[PDB]
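Q: Structure file run-v7.pdb (PDB, C-alpha atoms) right here:
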ATOM      1  CA  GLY A   1       4.988  -2.737 -13.384  1.00  0.00           C
ATOM      2  CA  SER A   2       5.910   0.877 -14.305  1.00  0.00           C
ATOM      3  CA  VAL A   3       5.732   4.537 -13.239  1.00  0.00           C
ATOM      4  CA  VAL A   4       5.788   7.748 -15.345  1.00  0.00           C
ATOM      5  CA  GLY A   5       9.422   7.673 -16.500  1.00  0.00           C
ATOM      6  CA  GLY A   6      10.813   6.544 -13.088  1.00  0.00           C
ATOM      7  CA  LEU A   7       9.754   6.660  -9.427  1.00  0.00           C
ATOM      8  CA  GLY A   8       8.351   9.979  -8.336  1.00  0.00           C
ATOM      9  CA  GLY A   9      10.412  10.844  -5.228  1.00  0.00           C
ATOM     10  CA  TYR A  10       7.971   8.879  -3.018  1.00  0.00           C
ATOM     11  CA  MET A  11       8.645   8.017   0.653  1.00  0.00           C
ATOM     12  CA  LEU A  12       8.029   5.023   2.929  1.00  0.00           C
ATOM     13  CA  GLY A  13       5.136   5.693   5.377  1.00  0.00           C
ATOM     14  CA  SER A  14       6.901   3.811   8.224  1.00  0.00           C
ATOM     15  CA  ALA A  15       5.831   0.376   9.446  1.00  0.00           C
ATOM     16  CA  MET A  16       2.231   0.221  10.655  1.00  0.00           C
ATOM     17  CA  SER A  17       0.236  -2.755  11.962  1.00  0.00           C
ATOM     18  CA  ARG A  18      -0.841  -5.786   9.924  1.00  0.00           C
ATOM     19  CA  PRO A  19      -4.582  -5.199   9.251  1.00  0.00           C
ATOM     20  CA  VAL A  20      -6.949  -7.871   8.048  1.00  0.00           C
ATOM     21  CA  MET A  21      -8.228  -8.002   4.461  1.00  0.00           C
ATOM     22  CA  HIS A  22     -11.878  -8.753   3.663  1.00  0.00           C
ATOM     23  CA  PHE A  23     -12.769  -9.106  -0.037  1.00  0.00           C
ATOM     24  CA  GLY A  24     -16.077 -10.729   0.971  1.00  0.00           C
ATOM     25  CA  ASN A  25     -15.279 -14.013  -0.824  1.00  0.00           C
ATOM     26  CA  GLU A  26     -13.817 -17.225   0.521  1.00  0.00           C
ATOM     27  CA  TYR A  27     -11.076 -17.786  -2.107  1.00  0.00           C
ATOM     28  CA  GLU A  28      -9.392 -14.360  -2.149  1.00  0.00           C
ATOM     29  CA  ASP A  29     -10.044 -14.060   1.613  1.00  0.00           C
ATOM     30  CA  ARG A  30      -8.463 -17.479   2.311  1.00  0.00           C
ATOM     31  CA  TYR A  31      -5.527 -16.758  -0.070  1.00  0.00           C
ATOM     32  CA  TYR A  32      -4.859 -13.587   1.917  1.00  0.00           C
ATOM     33  CA  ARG A  33      -4.917 -15.370   5.310  1.00  0.00           C
ATOM     34  CA  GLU A  34      -2.740 -18.174   3.839  1.00  0.00           C
ATOM     35  CA  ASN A  35       0.000 -15.614   2.931  1.00  0.00           C
ATOM     36  CA  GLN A  36      -0.698 -12.795   5.454  1.00  0.00           C
ATOM     37  CA  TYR A  37       3.010 -12.823   6.366  1.00  0.00           C
ATOM     38  CA  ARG A  38       4.172 -12.109   2.755  1.00  0.00           C
ATOM     39  CA  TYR A  39       2.007  -8.961   2.555  1.00  0.00           C
ATOM     40  CA  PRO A  40       3.819  -5.810   3.854  1.00  0.00           C
ATOM     41  CA  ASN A  41       2.713  -3.619   6.805  1.00  0.00           C
ATOM     42  CA  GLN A  42       4.069  -0.568   4.945  1.00  0.00           C
ATOM     43  CA  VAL A  43       3.029   1.719   2.046  1.00  0.00           C
ATOM     44  CA  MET A  44       4.760   4.493   0.098  1.00  0.00           C
ATOM     45  CA  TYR A  45       3.307   7.815  -0.984  1.00  0.00           C
ATOM     46  CA  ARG A  46       3.774  11.252  -2.530  1.00  0.00           C
ATOM     47  CA  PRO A  47       3.574  14.413  -0.383  1.00  0.00           C
ATOM     48  CA  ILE A  48       0.050  15.842   0.088  1.00  0.00           C
ATOM     49  CA  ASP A  49       1.557  18.853  -1.805  1.00  0.00           C
ATOM     50  CA  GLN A  50       1.210  16.988  -5.145  1.00  0.00           C
ATOM     51  CA  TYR A  51      -2.552  16.403  -4.945  1.00  0.00           C
ATOM     52  CA  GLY A  52      -5.145  16.753  -2.141  1.00  0.00           C
ATOM     53  CA  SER A  53      -7.514  13.792  -2.010  1.00  0.00           C
ATOM     54  CA  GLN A  54      -7.964  10.415  -0.385  1.00  0.00           C
ATOM     55  CA  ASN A  55      -8.709   8.584  -3.684  1.00  0.00           C
ATOM     56  CA  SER A  56      -5.863  10.016  -5.846  1.00  0.00           C
ATOM     57  CA  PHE A  57      -3.457   9.534  -2.906  1.00  0.00           C
ATOM     58  CA  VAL A  58      -4.763   5.927  -2.401  1.00  0.00           C
ATOM     59  CA  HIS A  59      -4.574   4.977  -6.086  1.00  0.00           C
ATOM     60  CA  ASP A  60      -0.980   6.233  -6.588  1.00  0.00           C
ATOM     61  CA  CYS A  61       0.204   5.259  -3.053  1.00  0.00           C
ATOM     62  CA  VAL A  62      -0.993   1.691  -3.636  1.00  0.00           C
ATOM     63  CA  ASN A  63       0.299   1.600  -7.210  1.00  0.00           C
ATOM     64  CA  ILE A  64       3.830   2.576  -6.091  1.00  0.00           C
ATOM     65  CA  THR A  65       3.738   0.347  -2.966  1.00  0.00           C
ATOM     66  CA  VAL A  66       3.071  -2.761  -5.151  1.00  0.00           C
ATOM     67  CA  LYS A  67       6.018  -1.896  -7.361  1.00  0.00           C
ATOM     68  CA  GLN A  68       8.409  -1.295  -4.419  1.00  0.00           C
ATOM     69  CA  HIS A  69       7.905  -4.914  -3.385  1.00  0.00           C
ATOM     70  CA  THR A  70       7.603  -6.172  -7.035  1.00  0.00           C
ATOM     71  CA  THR A  71      10.731  -4.216  -8.201  1.00  0.00           C
ATOM     72  CA  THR A  72      13.149  -4.650  -5.234  1.00  0.00           C
ATOM     73  CA  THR A  73      11.998  -7.452  -2.890  1.00  0.00           C
ATOM     74  CA  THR A  74      11.515  -9.668  -6.019  1.00  0.00           C
ATOM     75  CA  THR A  75      15.275  -9.423  -6.769  1.00  0.00           C
ATOM     76  CA  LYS A  76      15.829 -10.030  -2.984  1.00  0.00           C
ATOM     77  CA  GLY A  77      14.146 -13.422  -3.540  1.00  0.00           C
ATOM     78  CA  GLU A  78      10.344 -12.775  -3.534  1.00  0.00           C
ATOM     79  CA  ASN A  79       7.876 -14.228  -6.010  1.00  0.00           C
ATOM     80  CA  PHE A  80       4.845 -12.031  -5.831  1.00  0.00           C
ATOM     81  CA  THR A  81       2.340 -13.344  -8.389  1.00  0.00           C
ATOM     82  CA  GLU A  82      -0.122 -11.016 -10.066  1.00  0.00           C
ATOM     83  CA  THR A  83      -2.886 -12.713  -8.025  1.00  0.00           C
ATOM     84  CA  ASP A  84      -0.779 -11.768  -4.927  1.00  0.00           C
ATOM     85  CA  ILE A  85      -0.757  -8.169  -6.257  1.00  0.00           C
ATOM     86  CA  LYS A  86      -4.543  -7.925  -6.584  1.00  0.00           C
ATOM     87  CA  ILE A  87      -4.686  -8.777  -2.880  1.00  0.00           C
ATOM     88  CA  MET A  88      -1.826  -6.337  -2.007  1.00  0.00           C
ATOM     89  CA  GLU A  89      -3.550  -3.499  -3.970  1.00  0.00           C
ATOM     90  CA  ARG A  90      -6.470  -3.785  -1.423  1.00  0.00           C
ATOM     91  CA  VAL A  91      -4.709  -4.577   1.886  1.00  0.00           C
ATOM     92  CA  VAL A  92      -2.211  -1.769   1.154  1.00  0.00           C
ATOM     93  CA  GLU A  93      -5.261   0.437   0.223  1.00  0.00           C
ATOM     94  CA  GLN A  94      -6.461   0.454   3.874  1.00  0.00           C
ATOM     95  CA  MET A  95      -2.910   1.268   5.020  1.00  0.00           C
ATOM     96  CA  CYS A  96      -2.588   4.076   2.386  1.00  0.00           C
ATOM     97  CA  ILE A  97      -5.920   5.521   3.665  1.00  0.00           C
ATOM     98  CA  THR A  98      -4.502   5.576   7.209  1.00  0.00           C
ATOM     99  CA  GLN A  99      -1.132   6.942   5.968  1.00  0.00           C
ATOM    100  CA  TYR A 100      -2.595   9.977   4.109  1.00  0.00           C
ATOM    101  CA  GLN A 101      -4.324  10.818   7.390  1.00  0.00           C
ATOM    102  CA  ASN A 102      -1.062  10.127   9.333  1.00  0.00           C
ATOM    103  CA  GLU A 103       0.868  12.651   7.141  1.00  0.00           C
ATOM    104  CA  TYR A 104      -1.898  15.288   6.887  1.00  0.00           C
ATOM    105  CA  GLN A 105      -2.620  15.251  10.608  1.00  0.00           C
ATOM    106  CA  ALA A 106       1.168  15.214  11.181  1.00  0.00           C
ATOM    107  CA  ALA A 107       1.622  18.421   9.106  1.00  0.00           C
ATOM    108  CA  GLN A 108      -1.464  20.592   9.635  1.00  0.00           C
ATOM    109  CA  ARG A 109      -0.464  20.433  13.354  1.00  0.00           C
ATOM    110  CA  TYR A 110       2.444  22.871  12.816  1.00  0.00           C
ATOM    111  CA  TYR A 111       1.822  23.918   9.203  1.00  0.00           C
ATOM    112  CA  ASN A 112       4.672  22.657   6.992  1.00  0.00           C
TER
END
Turn this file's structure into structure tokens for me.
A:
Amino acid sequence: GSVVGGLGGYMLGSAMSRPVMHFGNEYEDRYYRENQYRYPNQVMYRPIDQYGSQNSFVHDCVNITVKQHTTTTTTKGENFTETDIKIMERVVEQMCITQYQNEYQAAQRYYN
């Protein structure tokens, strides 16, 4: 994929748990379970500084996260398909949601 002229000074949100993924199908849901190991337990994000939302954080957080794997782990010997990315852009969504909260909470405690 791409980003606006190059990656935006993002950071890795440390390694969380492996959540489930529930699309509410059988195919996509099975495909996830079948490859649950390939999918990361990490996301990357921009500082809450930039924006100030769940959704705009989620959308960009996810959309960088995909790339990190599909721009670095690919040349380390991964073969993420685009179908594998549709999955990732939802499993990593739940992690991004938790990670916004994990930075916010972890900042408004002391104030910056």
Q: Using the chain letters and numbers from the file, give me the residues hit by the PyMOL selection byres ((chain A and resi 13-30) around 7), as a VMD selection string.
A: chain A and resid 11 to 12 31 to 34 41 to 45 91 99
Q: CA of residue 54 (chain A) and CA of residue 96 (chain A), how far apart in Å?
A: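 It comes out at 8.8 Å.
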Q: Would you mind telling me which residue in A:100, A:109, A:69, A:57 lies nearest to residue 38 (chain A) when using all atoms listed in the file?
A: A:69
Q: Can you pull out every residue within 9 Å of region 61-68 of chain A, counting all atoms listed in the file, but drop anything in the same chain fewer than 2 positions away, and send it as a PDB file with C-alpha atoms, keeping the file's coordinate frame?
A:
ATOM      1  CA  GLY A   1       4.988  -2.737 -13.384  1.00  0.00           C
ATOM      2  CA  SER A   2       5.910   0.877 -14.305  1.00  0.00           C
ATOM      3  CA  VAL A   3       5.732   4.537 -13.239  1.00  0.00           C
ATOM      4  CA  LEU A   7       9.754   6.660  -9.427  1.00  0.00           C
ATOM      5  CA  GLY A   8       8.351   9.979  -8.336  1.00  0.00           C
ATOM      6  CA  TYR A  10       7.971   8.879  -3.018  1.00  0.00           C
ATOM      7  CA  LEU A  12       8.029   5.023   2.929  1.00  0.00           C
ATOM      8  CA  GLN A  42       4.069  -0.568   4.945  1.00  0.00           C
ATOM      9  CA  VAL A  43       3.029   1.719   2.046  1.00  0.00           C
ATOM     10  CA  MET A  44       4.760   4.493   0.098  1.00  0.00           C
ATOM     11  CA  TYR A  45       3.307   7.815  -0.984  1.00  0.00           C
ATOM     12  CA  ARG A  46       3.774  11.252  -2.530  1.00  0.00           C
ATOM     13  CA  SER A  56      -5.863  10.016  -5.846  1.00  0.00           C
ATOM     14  CA  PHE A  57      -3.457   9.534  -2.906  1.00  0.00           C
ATOM     15  CA  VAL A  58      -4.763   5.927  -2.401  1.00  0.00           C
ATOM     16  CA  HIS A  59      -4.574   4.977  -6.086  1.00  0.00           C
ATOM     17  CA  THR A  70       7.603  -6.172  -7.035  1.00  0.00           C
ATOM     18  CA  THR A  71      10.731  -4.216  -8.201  1.00  0.00           C
ATOM     19  CA  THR A  72      13.149  -4.650  -5.234  1.00  0.00           C
ATOM     20  CA  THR A  73      11.998  -7.452  -2.890  1.00  0.00           C
ATOM     21  CA  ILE A  85      -0.757  -8.169  -6.257  1.00  0.00           C
ATOM     22  CA  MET A  88      -1.826  -6.337  -2.007  1.00  0.00           C
ATOM     23  CA  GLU A  89      -3.550  -3.499  -3.970  1.00  0.00           C
ATOM     24  CA  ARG A  90      -6.470  -3.785  -1.423  1.00  0.00           C
ATOM     25  CA  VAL A  92      -2.211  -1.769   1.154  1.00  0.00           C
ATOM     26  CA  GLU A  93      -5.261   0.437   0.223  1.00  0.00           C
ATOM     27  CA  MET A  95      -2.910   1.268   5.020  1.00  0.00           C
ATOM     28  CA  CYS A  96      -2.588   4.076   2.386  1.00  0.00           C
TER      29      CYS A  96
END
Q: One decimal, Å: what's the distance from CA of residue 87 (chain A) over to CA of residue 39 (chain A), could you say?
A: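 A separation of 8.6 Å between them.
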Q: At what distance in Å, to one decimal, does CA of residue 83 (chain A) lie from CA of residue 35 (chain A)?
A: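 Rounded to one decimal, the two atoms are 11.7 Å apart.
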Q: Leaving out residue 108 (chain A) and any residue of its chain fewer than 5 positions from it, which residues lie within 12 Å of it when counting only C-alpha atoms, given as a list in words?
A: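 Once the nearby chain positions are removed, what remains is residues 48, 49, 101, 102 and 103 of chain A.
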